[PDB]
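Reading through the structure tokens given below for one structure.
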Amino acid sequence: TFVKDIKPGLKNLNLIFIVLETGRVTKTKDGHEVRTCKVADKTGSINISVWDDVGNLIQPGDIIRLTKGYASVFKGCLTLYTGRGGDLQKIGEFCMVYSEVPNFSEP
Amino acid sequence: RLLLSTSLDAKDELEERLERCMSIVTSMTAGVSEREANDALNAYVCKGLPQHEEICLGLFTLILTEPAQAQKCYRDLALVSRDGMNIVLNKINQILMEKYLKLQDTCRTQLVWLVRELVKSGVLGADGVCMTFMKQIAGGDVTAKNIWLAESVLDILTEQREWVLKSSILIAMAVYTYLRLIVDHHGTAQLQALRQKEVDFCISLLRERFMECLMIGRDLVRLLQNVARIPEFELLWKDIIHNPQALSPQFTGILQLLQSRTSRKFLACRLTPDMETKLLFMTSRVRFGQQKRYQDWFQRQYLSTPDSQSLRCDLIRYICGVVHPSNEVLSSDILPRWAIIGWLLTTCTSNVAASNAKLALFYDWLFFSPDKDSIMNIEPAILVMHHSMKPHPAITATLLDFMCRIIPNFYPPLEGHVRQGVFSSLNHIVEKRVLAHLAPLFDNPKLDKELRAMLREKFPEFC
Amino acid sequence: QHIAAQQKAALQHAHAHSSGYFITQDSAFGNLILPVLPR
Amino acid sequence: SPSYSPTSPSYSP
């Protein structure tokens, strides 16, 4: 189970990721705040789309797994998406070890 | 629902067990009169053991649900419990120390009412419930609801002081915890009256149960020194000086207390389970280097209050006294404790906080005993001195100066014991060579002249 | 003589903050506060 | 359980 293998068109996803970082307020379109957050591990790093509702009450460390997802791209940066059948579900908390060195968001 | 949460919160299997308990206890009652209800309830209980446990947990949750239903279901539980609900009390302890972070206020009040009922009725094992509920009080915090809960449990304990008297260890636990609360609490007239009540109760316990207070440990004196301005403690100390046998005939004097040891229960009990579990996870899973994120999170979330400075000293005492890792894990490349001690020390942003933390560190050093004590109380210290020589000389110099100057200042009638403990610790470092040679550190070139001079003067053996 | 004013301010701060018996004793490196047991 | 023979009925609660 690696972060690297989040591809478009995948089914029956059971992947595990940890939101160690916090999303930052930013403007998109006019009226909507589609926040974005990035996480990293020993395998790789990937961005996670954060909606306003989740982004207001989010605190770091939560563990969530998606099913029937479909990968998306946002201005050349890969971004996970949920909807039209997809659904999220929290599992646990704090039982992880991270590695922030392999992050691909650097210049 | 019962516990506050949202959609994103994980589906708690314990809470689902509670929901199934709600289903069976309510649907079986069906709003019929209590007679046939308890008849059928006893039948279902006596069918088997797991259903008996399920009925008991359903009654327990109903006690946390609604007042009239709490009364009726507590009646039914006392009527139908087979084993006296001891394992039910065990599950009460687990649910308490695990789910207290999410417990609703009305459920909290009804659980306090249940605790008072159990204590008044004298149900066996209530001491465990009392001491685990006591453990959840967070030190160095001023939240109104937590203070109200502390006052309520204090009222419960005061009305049932005889139940404390028949519970020997609970006397020591309660008096130590209330002393910690006393040094924590001050500021308002209501807190002043609360202070008066707590100090009166603690003085009464200490006089009436001096022999039982003997096994608390040296940290009792540590609590005493911060609350010595009150004339009651001064009077008690003078009475001890004039005739220690007067307050207890078997209590020969302060020699036994000084030579004694502090048990891990007192140091451990002031912390909530979450912090202790986080520290265990850090010392068991986190490798050297990642410690910054977790500790910064804990600091910003909690350790950001005026009283957090003394809470740092409390955490230092908890790490020193309770955390005793194995040598096998020591040999591995797991996160050394020197980094933990360094982070704890560098966060003291005031001179008084640093003084308190250093006194906490040196408290065990006063009366070292190799046979009954582990080297874990001084290995982080020597590791900090060896590792902080190059990057952070200031911390090393400050700690060395404080530990050199505390020797005559602490107590000249007992300064010989301080020197004896320091010599024992040095001999313990020599016999178990954590470092190849102690010679370079004693006469380090970048340390000041007077420190090395007095180190040579006091201990010619290590020269 | 700023040392006298600094010592007076230190005594004021110690009396305002220390809720227990304390001794203010000068040290060569500049340390002034060191808690000990009651007399 | 010395008061009950091993070949006696077991009282399952």
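Chains as they are written, first to last, in PDB author numbering: chain B, 5 to 111; chain c, 35 to 497; chain C, 62 to 100; chain Y, 1619 to 1631.
Cβ atoms here follow ideal geometry from the backbone N, Cα and C, with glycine treated the same way.
For the beta strand (DSSP E) assignment, the region 136-196 of chain c encloses no uninterrupted run of at least 3 residues. Residue range 342-355 is occupied by the alpha helix (DSSP H) that includes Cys-354/c. Rounded to whole angstroms, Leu-481/c and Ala-431/c show a C-alpha spacing of 7 Å. Residues of chain C whose Cβ lies closer than 8 Å to the Cβ of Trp-271/c are, in chain order, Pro-99. Neighbours of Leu-83/c across chain Y, judged by C-beta separation under 8 Å: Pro-1631. Proximity of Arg-319/c to chain B, defined by a Cβ-Cβ separation below 8 Å, is satisfied. Assigned with DSSP and collapsed to three states, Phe-94/c falls in helix.
What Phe-315/c touches in chain B, judged by beta-carbon distance under 9 Å, is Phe-98, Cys-99, going in chain order. Taking CB atoms only, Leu-37/c has no neighbour in chain B less than 8 Å away. Under DSSP, the beta-bridge partners assigned to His-36/B are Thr-32/B.
The three-state secondary structure of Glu-104/B, taken from DSSP, is coil. Assignment of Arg-319/c by DSSP, reduced to helix, strand and coil, places it in the coil class. Within chain C, the C-beta atoms nearer than 8 Å to that of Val-261/c come from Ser-80, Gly-81, in chain order. According to DSSP, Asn-51/B shares a beta bridge with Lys-42/B, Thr-83/B. The Cβ atoms of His-420/c and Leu-369/c lie no closer than 8 Å to each other. Three or more Cβ pairs closer than 8 Å define a contact, and the region 315-331 of chain c meets that threshold against the region 89-109 of chain B. Membership of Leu-70/B in the beta strand (DSSP E) is indicated by the continuous run 66-71. Around the beta carbon of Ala-388/c, 16 or more other beta carbons sit within 10 angstroms, so the residue counts as buried. One alpha carbon belongs to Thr-5/B, the other to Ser-458/c, and they sit about 52 Å apart.
With contact defined as three or more Cβ pairs closer than 8 Å, the region 11-27 of chain B and the region 37-50 of chain B are in contact. Looking at the backbone, the Cα of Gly-91/C and that of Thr-222/c are separated by about 35 Å. Nearest Cα to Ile-62/B within the set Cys-80/c, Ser-41/c, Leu-91/c: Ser-41/c. The beta-carbon of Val-58/B is placed less than 8 Å from the nearest beta-carbon of chain c.
Taking a contact to require three or more Cβ pairs closer than 8 Å, the region 299-313 of chain c and the region 402-413 of chain c do not qualify as touching. At a cut-off of 8 Å between beta-carbon atoms, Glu-268/c makes contact with chain C. Comparing alpha carbon positions, the residue from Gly-73/B, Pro-111/B, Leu-82/B closest to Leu-14/B is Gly-73/B. Check the Cα spacing between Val-187/c and each of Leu-472/c, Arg-150/c, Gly-159/c: the tightest is with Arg-150/c. With respect to chain B, the C-beta atom of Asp-330/c has no partner C-beta closer than 8 Å. Taking a C-beta distance under 8 Å as the contact criterion, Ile-237/c and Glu-193/c do not qualify as a contact pair.
Taking 8 Å as the cut-off, the Cβ atoms of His-86/c and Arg-109/c do not count as close. When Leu-433/c, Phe-167/c, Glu-495/c are compared, the shortest CA-CA separation from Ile-375/c is found for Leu-433/c.
Annotation for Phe-493/c: no alpha helix (DSSP H) segment contains it, and DSSP assigns it neither H nor E. Within chain B, no C-beta atom comes less than 7 Å from the C-beta of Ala-280/c; the nearest is roughly 53 Å away.
Two segments are said to touch when three or more pairs of C-beta atoms, one from each, lie closer than 8 Å; by this definition the region 120-128 of chain c does not touch the region 168-179 of chain c.
Within the same chain, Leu-257, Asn-260, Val-261, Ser-344 come within 8 Å of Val-217/c by CB-CB distance, once the 5 residues on both sides are set aside.
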